[PDB]
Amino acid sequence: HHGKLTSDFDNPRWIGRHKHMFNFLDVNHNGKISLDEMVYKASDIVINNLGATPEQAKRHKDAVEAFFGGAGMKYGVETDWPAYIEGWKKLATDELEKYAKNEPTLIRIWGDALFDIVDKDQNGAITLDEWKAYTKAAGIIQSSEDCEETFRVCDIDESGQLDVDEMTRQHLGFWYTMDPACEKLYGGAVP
């Protein structure tokens, strides 16, 4: 056993995982979010908190734009919760096809662009401090204990590096397939 290629869209925990993220993204409790806000947030984090160059920020923005665009979000459009989770079925389906065709997934392309900013050595592997810095700036994780759970789930020691390759596997299983080996990837921060 090496992974999982089947979706699990009727699992209430898959829906609730993305409901948690929709609420985390819906910072003004409008019940709706826009692609404008998603790409603003992405560039706000990497430029203003993580010291990214304009070129790095552009690469990272294009990756985030394509990712939420793959879930049906568009510029100038407010996406409510039912439109969001329905669009995420399409995003997860299109990603699993690329995954199964051994094509670079949208989540992998996002990871490359992000690791080039977060990793000071820029070889595609991040330290535990670098993962704490990214997730706490984004807010997806608040406590350092949850950041350590990421290293436990990726079977990397806390003193080691986290590569895009192992992270992509866990993220595909955490967001797309409900892979039981990827549970607790964000500790207690994300159901």
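Numbering starts at 1 and runs along the sequence shown. For clarity, a rigid core is taken as the largest C-alpha set superposing within 1.5 Å between two forms.
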Hey, after superposing on the core, which one moves around more in 7 other deposited structures of this protein, 47 to 55 or 156 to 164, CA-wise?
-> 156 to 164
Find the stretch among 147 to 155 and 26 to 34 with the larger RMS C-alpha deviation in 7 other deposited structures of this protein, all structures being superposed on the shown form by the rigid core.
-> 147 to 155
Could you settle it for me: does 103 to 111 or 117 to 125 have the higher average Cα B factor in the PDB entry?
-> 117 to 125
Identify the stretch, either 152 to 160 or 54 to 62, whose C-alpha atoms have the larger mean B-factor according to the entry.
-> 152 to 160
Based on the PDB record, which member of 42, 140, 35, 147 exhibits the highest Cα temperature factor?
-> 147
Looking at the C-alpha B-factor of residue 182, is it in the lowest, middle or highest third of its chain?
-> middle
Of the three thirds of Cα B-factor ranks in this chain, residue 134 occupies the middle
For residue 11, return the chain-relative third of its C-alpha B-factor as stated in the PDB record: lowest, middle or highest.
-> lowest
Comparing residue 168 with the other modelled residues of its chain, is its CA B-factor in the lowest, middle or highest third?
-> highest
